[PDB]
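FYI, it's all coordinate maths here, none of it is from the lab. Here the Cβ is made from the backbone with ideal geometry for all residues, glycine too, and neighbour counts use every protein chain on show.
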Amino acid sequence: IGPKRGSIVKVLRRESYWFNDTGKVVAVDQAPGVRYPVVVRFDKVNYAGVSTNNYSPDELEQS
Amino acid sequence: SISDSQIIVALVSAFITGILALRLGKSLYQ
Amino acid sequence: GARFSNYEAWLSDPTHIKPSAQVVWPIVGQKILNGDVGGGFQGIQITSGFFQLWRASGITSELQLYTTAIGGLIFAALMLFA
Amino acid sequence: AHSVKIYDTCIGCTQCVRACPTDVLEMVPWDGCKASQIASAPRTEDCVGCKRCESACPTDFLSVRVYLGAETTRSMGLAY
Amino acid sequence: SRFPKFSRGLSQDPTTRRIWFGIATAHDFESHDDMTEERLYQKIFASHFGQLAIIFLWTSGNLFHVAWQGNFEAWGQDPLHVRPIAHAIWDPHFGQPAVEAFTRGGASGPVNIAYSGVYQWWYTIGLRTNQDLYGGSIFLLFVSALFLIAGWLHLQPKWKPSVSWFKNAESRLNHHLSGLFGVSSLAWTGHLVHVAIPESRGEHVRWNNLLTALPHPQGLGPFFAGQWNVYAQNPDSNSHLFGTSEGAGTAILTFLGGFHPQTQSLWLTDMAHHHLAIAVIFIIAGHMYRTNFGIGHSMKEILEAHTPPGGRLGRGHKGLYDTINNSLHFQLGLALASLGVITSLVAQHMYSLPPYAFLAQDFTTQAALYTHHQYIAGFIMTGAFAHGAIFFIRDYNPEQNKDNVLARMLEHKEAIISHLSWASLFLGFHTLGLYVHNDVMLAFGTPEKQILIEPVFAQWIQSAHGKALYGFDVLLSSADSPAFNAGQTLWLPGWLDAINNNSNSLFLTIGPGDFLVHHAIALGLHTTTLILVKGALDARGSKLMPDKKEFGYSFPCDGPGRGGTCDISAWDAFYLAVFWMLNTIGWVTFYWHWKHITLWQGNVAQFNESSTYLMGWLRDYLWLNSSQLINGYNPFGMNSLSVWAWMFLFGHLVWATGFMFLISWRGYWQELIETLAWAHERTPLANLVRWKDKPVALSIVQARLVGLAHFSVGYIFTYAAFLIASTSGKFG
Amino acid sequence: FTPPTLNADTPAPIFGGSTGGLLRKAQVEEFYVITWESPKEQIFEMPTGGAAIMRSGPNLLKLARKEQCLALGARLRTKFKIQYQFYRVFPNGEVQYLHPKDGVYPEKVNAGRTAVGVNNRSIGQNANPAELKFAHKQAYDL
Amino acid sequence: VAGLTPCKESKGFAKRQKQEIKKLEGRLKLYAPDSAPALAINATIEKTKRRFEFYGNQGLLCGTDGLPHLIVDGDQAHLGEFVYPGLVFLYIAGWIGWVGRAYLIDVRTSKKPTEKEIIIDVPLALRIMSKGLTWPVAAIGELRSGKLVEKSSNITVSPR
Amino acid sequence: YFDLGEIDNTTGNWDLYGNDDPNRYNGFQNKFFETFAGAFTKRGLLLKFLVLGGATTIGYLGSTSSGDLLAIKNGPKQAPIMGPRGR
Ligand code: CLA
Ligand SMILES: CC1=C(/C=C/C(C)=C/C=C/C(C)=C/C=C/C=C(C)/C=C/C=C(C)/C=C/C2=C(C)CCCC2(C)C)C(C)(C)CCC1
Ligand code: SF4
Ligand code: SF4
Ligand code: SF4
């Protein structure tokens, strides 16, 4: 599943720090039952200092 | 200048008003 | 004290001349801060007590102040080297 | 007392339990992450409300979330 | 079920916080447990009745103290040389100098001089003797008693009104505009015409001769025959003395404009006509909405139909009628926004156009009456904005407000906050840089090097009003404008004589210092609006914390994680903007009191030379006027300003005490109270005494509130003292 | 998992006395007893403030708060390789065993425990407070 | 204009010139006429006399305080008080805003974009600080081409 | 130090400074105090006459006080101080 590994996606999740921000997909989990399989890496950190977050494919579009 | 008996009329009418303030505060409690 | 002060003028008579050791540049109206401290001198009246300290050290001329300044610069280079 | 809620964005990184100073959080099995575990708050009546779990949660936005509600002698942190 | 009984979650709190928060969550009725719509609106309705009863029981005691311990008749004989007495003082702590020094106004003992302008008000309105004020006090005791009876009555289940009666906005607006604003201003007009105008003209009109004392020589004949100009036929002349029959006229509704030449105050015939005009227009405006009779408006369809078809406002105002009608915080925020803009319109129009007889001559009373309505208006406006924030947390539904104007405020909220931030930063760098520049040039011996900007826009507006001082000569100062020729026979002979006078406060001569402090005022309003719009629009959530709505309105923080989330809530933005309203209204009333304290003793050049730089504000206003303030009591003795000298120092206590709650924060005091609890639990003879409430430190929201309230009490008492001691001790 | 029973015969670490110990909350509300097995005689930092010589066998320490048991317990789980458990003791005599509930520490996952306080949605799918007016439920507990 | 006399014919402005030299002349009375601090006060007097003869020759408006007031409405007589040095300012301030904006675009397309802001690339900086000379033609040029503003779909927006 | 047989001795419920002496006075002194302080026992009764008796005793000497006893009942003893502007 997922759009593609190594692709550029835009986050549609409202409560994330990287909403409407360009991110790079580093891992998509193909195991069933995982709610947020797509792991997206960002060039900028959030207030917690991390750049790695998991999103569903419904919360991302290819840009 | 106002008189002595007019102060008695005001103090009773404030005490009547103080009872009606006490009655609303009981009803606002319930 | 050696160049921008009236330490010899203050040392001649210190009961009427205020201790001053800072001269400002006449640029933007701040030359009024060079006040009449006495002894034919204009500058900021200092309150650090260096003039009375040099009087207690026996300093009579500003050449001794310049020698102590360049000696302190030598010691500052020695502390940086150390 | 305090209500600690775990959401489905959790990755099972366990550091919310490790940051907990009053043993509220525990890791139960789950099927929604790679680690196959999610946090839970059974002893949420023992929660002081310090939000050390929210400081240690790497998920954006947070998976563990502490809502400061009614405060008792557990959640006030008193010894007297 | 302990105290507090309205919240079950605070009753199980074993600490002192249960005692504290139950005081502070006492009137937040919608946050209570087991709480419904009907109980919300009925408790709010009876709380309104209790508020009305408190206001009328306040006015009754402010009338009873003037009638009983005040010299209202002696002030009526000579309002220029008699200080108005508020109430007598019975203090067991006075020595003989304090009894001998507080005895003012020809009283028999130590009394307080009234700086509330109640004597000027009651004189202008028609009250003359102490018996009339006593009868008014008994009447308003009866009115407050009736409002207590009505408040108790509507909590009884027979007379409980339903929420559909409460949310009937059309009937409420029709009976508010028709009855509250129309029949009360027409009632007023009936007073001003029947009582206040003949008491200004010497005739004693009371209830015993109400039906016999005709207010006009031909009363109610020319009214119903159409010739209303008979009521403007013979106005009061310029030789008219107030309260005496000589020099007076017979016209009850004039349109003279300007001021009465002896009192420097507005004409009662003009205020009577003013009220007949804001009575006809409010009864006519109260027949607007649809209640019961087929005609009228539904405001839901007005708001639905007011959508721009280009889509620039989205859906327009669709869904806003249910948004206001369901949210009590929206209605309260709108009411407080309008109330702040009219309590400030009150303040701006009772100093420049004094409405009450001999109020312009009494200087410290005018100063108090401006500072009163500018502080009460800077707390009412901040309450409006805070209630907008509480609406956005606990009352705003994004589903019901779908792409309307209110949702589009949240759509572009970062643009509003960033542009208020730009405007505040612009005003701050420019006002601070120009004041600091003028400070440097007065410091460097060169007053001519100041950047002094003549406020030519507001001077052009003053010349548009009729001021011939600046010589712009555009309209109402030039005779070639149609507005002047339409006004020069109607109201302008009074207005131009009032505005071309230089002793009054009607549209004062402004200068570069006025420009600079008006940008200080714009800085204050813009930065207070910045913090408050930021609190209201980041109320539901933000990029730091998206779930601020699910944490309530006044939550403390969200923890040290994610960088740190101190003061993240919308209540904390209200908290930070109470300091900004205090600074704003401090600047406003500093400008008012120094522009007037130099006008009243004549030397306006002191303000014209010294207000452009902040050392003039510190030295010629804060230091110069405080000469007889802090010398109110000395080692040598004490003066009559001594209570104002203590209240000044008292303010410097309480304000600084607020710093203790605003700088030092909780866990220091929590460990301190932990050591104190150990010390009490181990001390012999004192361990026997227990606490039931566990001693804890003040909680974080409570700490910010207590420091804010101390800051505000000290701020209002330092300035109430300085302002009522630097004008009443040096009159002029 | 059978919970361990408090023996009430193991002795205390050698401690000179502290003023940070049990106040009257121990006497009327609760106090916490932490029991652990030691390899040898060591010195540990007391969570009430101070240092005590811990015994070579089992140890019993009386604490006032649950946070004092974890602050001690994580101290002797990282600095020392000592497994610990604590209890909650009430003034009527009931001892309530508290941690670890399954016998294995809550950082490690066990199949016996169940998910409670877990929401199947995220924070952004929580309901608005305007559509939950005048109800016992709130935006997160449903 | 606005009830203000010109400073060349203002009696209060000439009074401030008289009482400023007199303050400095009395400061000169306690020094030798050829002394070094007396040359500073003599240069102060000539700086004061140059200042008052410059303010009166520019058509400045002086009030009743004897102080030069600025008319910022946009008067044809008063352009150099606000309009002329405001356009001089906004050109310089837009120069600061254009070379700081163009530096961030030039370092966003780099390997480590955050190390080029603590350590500012001077050959990259100085090659666009020259380019900030013609910035109204480049700001409105980017505004007309759409490169000045970013579309709201690519802008980080806090939730409602 | 935990026992499970004496829960009060292992928690800090100690009479640290108490005494178990039954009596140290005599019968003559004890019967005098309970007779005189017998109408002051009940908390609801004692709170009633202390409020009502306390309100009367501050209103009595507040009103029967003289000029030398309290300065607020002495009144002014000199000419009043006239303020500025003739007020
Ligand atoms: C003609 C009919 C009538 C009239 C007289 C009123 C009268 C009033 N209603 Mg009411 N109402 C009516 C019918 C009526 N209503 C109808 C039919 C509805 C049904 C939907 C309602 C439902 C309704 C609700 C639900 C509420 C009211 C409330 C009120 C009061 C408003 C608050 C207040 O006193 O401020 C007084 C305000 C004014 C006098 C207006 C002044 C305007 C500005 C602010 C001031 C300008 C005045 C001037 C410059 C100041 C100079 C004075 C100065 C010298 C001192 C007021 C007593 C509220 C209340 O307090 O309940 C007790 C309340 O809760 N009413
Ligand atoms: C957030 C929020 C809120 C609030 C807000 C606020 C608080 C605001 C404010 C605002 C304001 C407070 C405003 C005001 C305004 C006013 C105005 C805007 C005015 C104007 C005026 C005019 C325009 C007039 C005209 C004229 C003139 C000027 C002169 C001559 C005469 C005449 C009359 C013609 C609410 C509650 C809704 C809720 C939701 C949210
Ligand atoms: S708030 Fe503190 S005690 Fe409560 S669950 Fe989070 S980390 Fe544990
Ligand atoms: S810290 Fe956050 S992401 Fe990690 S297990 Fe706990 S709730 Fe899940
Ligand atoms: S408790 Fe205080 S210091 Fe800690 S995060 Fe909250 S506001 Fe900040």
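Brief remarks follow.
- Looking at segment G:100-155, the trypsin sites (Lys or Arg not before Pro) that sit in a DSSP loop and have at most 15 other Cβ atoms within 10 Å of their own Cβ are G:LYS111, G:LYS131, G:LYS147, G:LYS151.
- Here r is the Cβ-Cβ distance between E:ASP28 and E:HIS87 and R0 is 41 Å; the resulting FRET efficiency, rounded to 0.05, is 0.75.
- Average partner coverage of E:24-31, which counts Cβ from other chains inside 10 Å: 0
- Its Kirkwood hydrodynamic radius, worked out from the mean inverse distance over all distinct Cα pairs, puts the protein assembly as shown at 39.1 Å.
- Residues whose placed amide H lies under 5 Å from that of G:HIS69, excluding near-sequence neighbours: G:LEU61, G:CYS62, G:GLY63
- Amide proton proximity set for E:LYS694, modelled H, under 5 Å, gap of 5+: E:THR15, E:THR16
- Karplus-based coupling profile of segment E:566-579, in residue order and whole Hz: 6, 6, 7, 6, 6, 4, 6, 6, 4, 4, 6, 8, 5, 4, with θ = phi - 60° in 6.51 cos²θ - 1.76 cosθ + 1.60 and x standing for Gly or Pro.
- When the Cα convex hull of chain C is projected onto planes of every orientation, the mean area is 6.6 nm².
- Dipole of chain A computed with +1 at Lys/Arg Cβ and -1 at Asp/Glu Cβ about the Cα centre; of A:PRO32, A:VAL45, A:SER16, farthest Cα towards the positive end is A:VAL45.
- Relative packing of E:173-180, F:91-98, which averages over residues the other C-beta atoms within 10 Å, highest first: E:173-180, F:91-98
- Normalised contact order of chain D, rounded percent, pairs of Cα under 8 Å and 6 or more residues apart: 41
- Scalar couplings 3J(HN,Hα) for segment F:11-17, obtained by applying the Karplus form with A = 6.51, B = -1.76, C = 1.60 to θ = phi - 60°, are x, 8, x, 6, 10, x, x Hz; x denotes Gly and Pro.
- For chain G, the alpha-carbon radius of gyration amounts to 1.70 times the rule-of-thumb value 2.2 N^0.38 Å expected for a compact globular protein.
- Relative contact order of chain G, defined on C-alpha pairs under 8 angstrom at six or more residues apart (%): 20
- Charge-dipole axis of chain G as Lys and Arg at +1 and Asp and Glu at -1 on Cβ define it, positive-most pick from G:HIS69, G:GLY59, G:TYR103: G:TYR103
- Kirkwood-based shape ratio for chain D, expressed as Rg/Rh from alpha carbons: 0.99
- Dipole magnitude of segment E:437-525 about its Cα centre (Cβ charges: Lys, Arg +1; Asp, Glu -1), debye to nearest 20: 80
- Peptide ranges E:642-649, H:74-81 listed from the most packed, as the mean C-beta count within 10 angstrom indicates: E:642-649, H:74-81
- Ranked by the mean number of other Cβ atoms within 10 Å of their residues, highest first, the peptides E:653-666, E:265-278, E:396-409 fall in the order E:265-278, E:396-409, E:653-666.
- Shown in residue order for segment C:64-78 are the 3J(HN,Hα) couplings computed by the Karplus curve 6.51 cos²θ - 1.76 cosθ + 1.60 at θ = phi - 60°: 5, 5, 5, 5, 5, 5, 6, x, x, 5, 5, 5, 5, 5, 5 Hz (x for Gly and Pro).
- Taking the number of Cβ atoms within 10 Å of each Cβ as an exposure proxy, the fewest-first ranking of G:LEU39, E:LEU599 is G:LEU39, E:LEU599.
- Size estimate for segment E:573-732 follows the Kirkwood approach: the inverse of mean 1/r over distinct Cα pairs works out to 18.7 Å.
- If you sort the three axes of the alpha carbon gyration tensor as a ≥ b ≥ c, you get a/c of 1.5 or more for segment G:98-154 and a/b no higher than b/c, which makes it oblate.
- Between the Cα long axis of helix G:83-108 and the first principal axis of chain G there is an angle of about 30°, rounded to the nearest 10.
- Counting Cβ atoms of other protein chains within 10 Å of each Cβ in G:66-77 and taking the mean gives 5.
- Counting only other chain Cβ atoms within 10 Å of each residue's Cβ, the peptide E:432-441 averages 1.
- For chain E, the relative contact order works out to 11 percent when only alpha carbon pairs closer than 8 Å and six or more residues apart are counted.
- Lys/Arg +1, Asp/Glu -1 at C-beta; chain E dipole; positive extreme among E:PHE3, E:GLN628, E:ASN583: E:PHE3
- Unpartnered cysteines - no second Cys beta carbon under 4.7 Å - across the protein assembly as shown: D:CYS10, D:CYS13, D:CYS20, D:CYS33, D:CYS47, D:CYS50, D:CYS57, E:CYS557, E:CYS566, F:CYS69
- Summarising the amide proton neighbourhood of E:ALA357: residues at separation of 5 or more, or on other chains, whose placed amide H is nearer than 5 Å comprise E:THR124.
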